[PDB]
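The data below hold one chain only, encoded as structure tokens and taken in the form deposited in one PDB entry.
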């Protein structure tokens, strides 16, 4: 049993004391809501039934539009595969379902963003929709029967996709567009990770703990330059390979030690990187300057191997490492009977730890869908601002928080919209925004539900200075950069973007939870 590219660090098995801490770890995971209910799971499976119905109808309808016979259009098939954390079996109650739609050659992504998009919109169950056709991997994001779904589409080079099709055959990848290869590899990567760990259930528990920890410590969000689900999965998988007989609790301790001691940017790799024909691009820092720039590379096992942490910046690297060091101290303390699992999973203090914050607000006076598009675009560029800021001589760190803050306002007139852009983002002025603000208290209320809305999504970057530092160049670049995608958001009567420098004590109330109090 060779798992991975080296032998194990240790084949020593778990002691009674370690197994006791493993039992306690699992109980803390349960208490903290790591595992969804049976009903919640049933709800996911029901969505998957509908998505398959839609996928096949999608392929049939496209086929017919391309003048194929009734019988041939049916034979074209189409199917779905899960991928991501639900397929891996480490999802929680709040996790999305990642769904890959596999379609034959005559069905393209333009079809996906027109016909399949159309089919989703017919559904009474559709709560939200935000198509993102221009992304490294194009996606339709939806909320369906209250469940977040991520939908991507891979076009195979064959006339038919039978329901029985599997993705094991590497021949299926021949000559495929880069975007489709990435799509198919969502599913293939999950399956290979499970193949590459000595004890899948030890791996699953350890990963559930790392997902909870990373969420709590605010080091989980691919979009903002932190590792996402697959990067965290592969990191845990590597530790599992190195300690094949350890319990999950011990894997956590070793995870923090090994990854804090790791000689970054040496890559984390789960299996020898497969060579392909010269037509196919594989992660290789010797050939590609871009790959050489990856700060903490975590490489997917599925051919062709890619880096799952391209978005990591100098600042987010420093934060991840700080958190690993904390993990070492706390897990050691847990194993020496001084601390609890609860201590490890304690919430971050992002909004207490810096003197200064840069506040980024995307405004939309329009539909919820328009706001999802605009705010999604802006959110996707925040890491670019982080990178521009962190290279400025006077900046010690530019630390992005991992989730936007959403709010909406009743906004009957053009003048009201201009007022909202004035008063928001400062605790000094934020009380004046009410009572236009929508709350879970009065949202049911006919006047509130019926009113035109202005929507806000606000992101924060924590700032620490090497010292006033002039930050106008990165900020102005960012403002202008977002505007040009392309002319879709140039209308200032509907879309706006504002950046605000804010000191810690003037941070909005939204930022602090019930248990917490303003500095």
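Numbering follows the first chain given and starts at 1.
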Legend entry - Unresolved deposited residues lying between neighbours residue 443 and residue 444: 1 to 3
Legend entry - Unmodelled deposited residues flanked by residue 467 on one side and residue 468 on the other: 4 to 9
Inset, instruction - Between 70-78 and 96-104, name whichever shows the higher mean Cα B factor according to the PDB entry. - result: 70-78
Legend entry - Selected stretch [higher average CA B-factor]: 274-282 or 235-243: 274-282
Inset, instruction - Among the candidates 411, 223, 330, 126, give the one with the maximum CA B-factor reported in the record. - result: 411
Inset, instruction - Could you tell me which one of 253, 380, 145, 164 shows the highest CA temperature factor in the PDB record? - result: 164
Inset, instruction - Relative to the other modelled residues of the same chain, rank the CA B-factor of residue 89 and answer lowest, middle or highest third. - result: lowest
Inset, instruction - Tell me, lowest, middle or highest third: where does the Cα B factor of residue 482 rank within its chain? - result: highest
Inset, instruction - Please rank the C-alpha B-factors of the chain's modelled residues and tell me whether residue 491 sits in the lowest, middle or highest third. - result: highest
Inset, instruction - Classify residue 356 as lowest, middle or highest third according to the C-alpha B-factor given in the PDB entry, relative to its own chain. - result: highest
Legend entry - Where the record places residue 471 (Cα B-factor, split into thirds across the chain): highest
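The form deposited with a partner chain bound exists for this protein as well; it is not shown, and the discussion that follows is about that form.
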Inset, instruction - Mind telling me which stretch in 234-242, 418-426, 431-439, 178-186 gets its heavy atoms within 4.5 Å of the partner chain in the bound PDB entry? - result: 418-426
Inset, instruction - May I ask you to choose, among 21, 14, 497, 511, the residue with a heavy atom within 4.5 Å of the partner chain in the bound PDB entry? - result: 497
Inset, instruction - Check each of 38, 487, 450, 470 and return the one that places a heavy atom within 4.5 angstroms of the partner chain in the bound PDB entry. - result: 470
Legend entry - Exercise: residue 102 in contact with the partner chain in the bound PDB entry, heavy atom 4.5 Å: no
Legend entry - Interface membership of residue 67, the partner chain in the bound PDB entry, 4.5 Å heavy atom rule: no
Legend entry - in the bound PDB entry, residue 43 touching the partner chain (heavy atom, 4.5 Å): no
Inset, instruction - Decide whether residue 57 counts as a contact residue for the partner chain in the bound PDB entry under a heavy atom distance cut-off of 4.5 Å. - result: no
